[PDB]
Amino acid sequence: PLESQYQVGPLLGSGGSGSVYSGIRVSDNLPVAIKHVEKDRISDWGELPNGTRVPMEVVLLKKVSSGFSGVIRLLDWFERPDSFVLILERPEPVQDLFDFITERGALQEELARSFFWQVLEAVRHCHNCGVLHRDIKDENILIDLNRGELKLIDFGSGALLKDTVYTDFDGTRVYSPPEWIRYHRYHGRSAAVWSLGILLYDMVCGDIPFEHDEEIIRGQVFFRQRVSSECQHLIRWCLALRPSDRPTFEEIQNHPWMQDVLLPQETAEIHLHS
């Protein structure tokens, strides 16, 4: 072991995330991303389907890791004195949905439907694996511009999925459901549907619908862009004040607006010039 194995490129970003660097597996030049998370700053630990102390992020990543390209793969990880180092895949070329939206503005419905569909499949995948992501949002989605495939990233606020209530949250507040803001409780799935509601609004209008606590609590959605009535209908549904008034993933995917999505390949051809 040890990082004579990878060649550390430029810093790609930093935050509550820690710091992510571009990398190249020296073995075969596979593009990779090297995430460093400091121990002091990690609140949630778990332990491996073998038993040694790791951050939950790595548990979660290990549970979702597979052939499915809809969630970033964990390639490997190391422990250091005050940090863990995660080696993740890196699509190339790549752009995060935030930058993409910053740069191209409100997305056309055709494009948002394909992107949104792929997010749905990704999140469903996580749920099939027992992992709840807890921070679904445009900065946590990567676009593989060549294949037109979205990848979900950053499980550093995830949890194991369960059917009982959550009384802790450390995702993004502006994407968090009203029940979180008032009572500090939420159930997982329905809280994801709320953030998917925010996400689809973000895509189709170019920005999140709510900045403030009272706007979330109120949950009146105003539309700043031209958006089809069906789209609005689905957005408003996801953003129902009462959790159980929200659609299941199956109801979302069978919604009229989600009909006849482009394959990811056709998506890149049409909308990404690839």
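Numbers for residues come from their place in the sequence shown, where the first is 1.
Across the two stretches, 263 to 271 and 2 to 10, the PDB entry reports the greater mean Cα temperature factor for 2 to 10. Higher mean CA temperature factor, per the PDB entry, when comparing 57 to 65 with 227 to 235: 57 to 65. Per the PDB entry, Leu48 shows the highest C-alpha temperature factor of the residues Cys205, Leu48, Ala240, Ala33.
For the set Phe155, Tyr183, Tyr201, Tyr166, the PDB entry puts the maximum C-alpha B factor at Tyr183. For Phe78, the recorded CA B-factor ranks within the highest third of the chain. Only modelled residues enter the ranking. Residue-level temperature factors show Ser27 in the highest third of its chain, judged at the C-alpha atom. For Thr52, the recorded CA B-factor ranks within the highest third of the chain. Only modelled residues enter the ranking. Ranked within its chain, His127 lands in the lowest third, by CA B factor from the PDB record. Among the modelled residues of its chain, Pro91 has a C-alpha B-factor that falls in the highest third, as given in the PDB entry.
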